[PDB]
Ligand SMILES: N[C@@H](CCCC[N+](=O)[O-])C(=O)O
Ligand SMILES: N[C@@H](CCCC[N+](=O)[O-])C(=O)O
Ligand SMILES: N[C@@H](CCCC[N+](=O)[O-])C(=O)O
Ligand SMILES: O=C(O)CCC(=O)C(=O)O
Ligand SMILES: O=C(O)CCC(=O)C(=O)O
Ligand SMILES: [Mn+2]
């Protein structure tokens, strides 16, 4: 599973040919990134299956809701996103295998398909939350494509620390897996590499046990403080 | 001068008939508020003048720049805004009078003309920076108009405190004057009062001595860290 410090970086297998083009059809994120971000969103149930396998079931499509206490800029509100068109589950399976997800109970995942654009004079913010926890138990962040960008450096932090203990610029074909409770993270802004437009296409998977799922009326009421 | 706690709330006189309608002609803020905010921006020199008066001079129009250390979500970048069309200087003068602005050197002000909209299910964020200092010496925030909104409560904080020491929802015709160094501030989101659209129109005036002005090539280089 995860390394001693609570994170691992892995290489990803080749992706299906429809995955990278699908980022061109993600609509603008109306809630984050102030026009620099484009997004689709889907949620799944993860059930340990017969054999040492995991079965994915896409859940009925719902608005994304998170807590203000984890996300001060995009928490506490209903975030209406379009569903993800492509199938990320083979890539997610790689993260499940590296995590050694506990098979004693089922899991629920949030899947964020994000493109962030940068241009000369206008960086693309990746974590306007600042140093943060996403609020889940494990998080997988996979880089699918980068074009003409600098910056975008992932930094891992122990709670309370003045500086990160690990930093690295994740490249296309890499993913980081992290203990989202024991570590916090941020990422530096995407910059234009040459003064012209550039972009960074990623998928973020947030893992929670089904018994603490981030899905349904009860979760929504808590995140929205209703 | 300001109250012993570093702030004062004042009533403003009647404003010229062109002020309130001008908020309808502010374009969207491309950089903050994720489409909920609309903005114009101008900068002035304030010079002491004969007979205990102050003279205003509108400076050549430049991009707004502020520091990431003060503004985590909109700092460190060039923010291209359009100039303010109307004349806020009589209202600003009321702030100067109540501050008892030091006449021993000239001043420079940033003037932000803001409209934030709220709607059913979509609050309008007023301080996505969180609890913050704007970075200047004094700040004046004036409410010009509020239609169909709840929330929008100003909170003043002693530096590093975990709770504000003063709270109040400023209404149309009111302004707060603040020691921007000795206190920090935030404001709760504006909410739809009844489920439909509402808006809150304000002007923010940030005061710095001319010798520390937030204007020109040197300031921009420092704020952009170049
Ligand atoms: N902080 C990201 C989401 C990261 C995943 C967290 N999750 O799914 O609760 C956002 O607000 O867009
Ligand atoms: N616009 C000037 C200051 C105000 C006028 C100076 N002046 O007399 O030409 C500046 O860029 O610093
Ligand atoms: N925090 C506000 C500006 C408040 C005035 C401060 N100033 O002029 O540097 C913004 O980023 O839009
Ligand atoms: O862009 C990234 O690498 C991760 C972003 C992230 O952690 C978030 O959006 O919560
Ligand atoms: O909307 C307000 O009352 C104030 C905004 C503020 O403090 C800032 O924008 O720095
Ligand atoms: Mn995150």
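Residue numbers (PDB author numbering), protein chains in the order written: chain B, 2 to 227; chain A, 2 to 227.
From the three backbone atoms N, C-alpha and C, an ideal C-beta is built for every residue, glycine too.
Which same chain residues end up closer than 6 Å to residue i when comparing Cβ atoms and leaving out the 5 residues on each side of it in sequence?
i: residue 192 of chain A; result: 119, 124, 151 and 152
i: residue 199 of chain A; result: 119, 148, 149, 150 and 193
i: residue 94 of chain A; result: none
i: residue 141 of chain A; result: 96, 176, 178 and 206
i: residue 86 of chain B; result: 23
Return yes when at least one heavy atom of ligand 6 lies under 7 Å from the C-beta of residue i, else no.
i: residue 180 of chain B; result: no
i: residue 113 of chain B; result: no
i: residue 74 of chain A; result: no
i: residue 140 of chain B; result: yes
i: residue 62 of chain B; result: no
Does the distance between the C-beta of residue i and the nearest non-hydrogen atom of ligand 5 fall short of 7 Å?
i: residue 200 of chain A; result: no
Could you check whether the Cβ of residue i sits closer than 7 Å to any heavy atom belonging to ligand 3?
i: residue 136 of chain A; result: yes
i: residue 33 of chain B; result: no
i: residue 215 of chain A; result: yes
i: residue 67 of chain A; result: yes
i: residue 130 of chain A; result: yes
Compare the C-beta of residue i with all C-beta atoms of chain B and state if any pair is closer than 8 Å.
i: residue 36 of chain A; result: yes
i: residue 20 of chain A; result: no
i: residue 31 of chain A; result: yes
i: residue 156 of chain A; result: no
i: residue 73 of chain A; result: yes
i: residue 124 of chain A; result: yes
i: residue 131 of chain A; result: yes
i: residue 93 of chain A; result: no
i: residue 78 of chain A; result: yes
Within the present structure, is the beta-carbon of residue i separated from the nearest heavy atom of ligand 1 by less than 7 Å?
i: residue 220 of chain B; result: no
i: residue 207 of chain B; result: yes
i: residue 83 of chain B; result: no
Roughly how many whole angstroms lie between the Cα atoms of residue i and residue j?
i: residue 63 of chain A; j: residue 81 of chain A; result: 8 Å
i: residue 78 of chain A; j: residue 42 of chain A; result: 15 Å
i: residue 222 of chain A; j: residue 14 of chain B; result: 44 Å
i: residue 108 of chain A; j: residue 174 of chain A; result: 25 Å
i: residue 227 of chain B; j: residue 70 of chain B; result: 15 Å
i: residue 45 of chain B; j: residue 211 of chain B; result: 10 Å
i: residue 54 of chain B; j: residue 83 of chain B; result: 29 Å
i: residue 176 of chain B; j: residue 47 of chain A; result: 54 Å
i: residue 117 of chain A; j: residue 201 of chain A; result: 5 Å
i: residue 163 of chain B; j: residue 143 of chain B; result: 26 Å
i: residue 97 of chain A; j: residue 184 of chain A; result: 19 Å
i: residue 122 of chain B; j: residue 23 of chain A; result: 29 Å
i: residue 154 of chain B; j: residue 17 of chain B; result: 26 Å
i: residue 229 of chain A; j: residue 208 of chain A; result: Outside the displayed span of chain A (2 to 227) sits residue 229 of chain A, for which this structure offers no information.
Near residue i, what residues of its chain come up, given a Cβ to Cβ distance below 7 Å and the 5 sequence neighbours on each side ignored?
i: residue 33 of chain A; result: 74, 75 and 129
i: residue 89 of chain A; result: 112 and 204
i: residue 3 of chain B; result: 9, 100, 178 and 180
i: residue 104 of chain B; result: 49
Could you please give me the residues that DSSP links to residue i through a beta bridge?
i: residue 57 of chain B; result: B/47
i: residue 120 of chain A; result: A/123
i: residue 29 of chain B; result: B/39
i: residue 147 of chain B; result: B/201
i: residue 108 of chain A; result: A/47 and A/210
i: residue 187 of chain B; result: B/156
i: residue 139 of chain A; result: A/180 and A/208
Ligand 4 and residue i: does any heavy atom of the ligand fall closer than 7 Å to the residue's C-beta?
i: residue 172 of chain B; result: no
i: residue 203 of chain B; result: yes
i: residue 37 of chain B; result: no
Could you tell me whether any Cβ in chain A is nearer than 8 Å to the Cβ of residue i?
i: residue 110 of chain B; result: no
Would you say the beta carbon of residue i is closer than 7 Å to some non-hydrogen atom of ligand 2?
i: residue 125 of chain A; result: no
Which residues in the same chain have their Cβ closer than 8 Å to the Cβ of residue i, if we skip the five residues on either side of it in sequence?
i: residue 167 of chain B; result: 6, 8, 156 and 157
i: residue 220 of chain B; result: 66 and 214
i: residue 172 of chain A; result: 144 and 147
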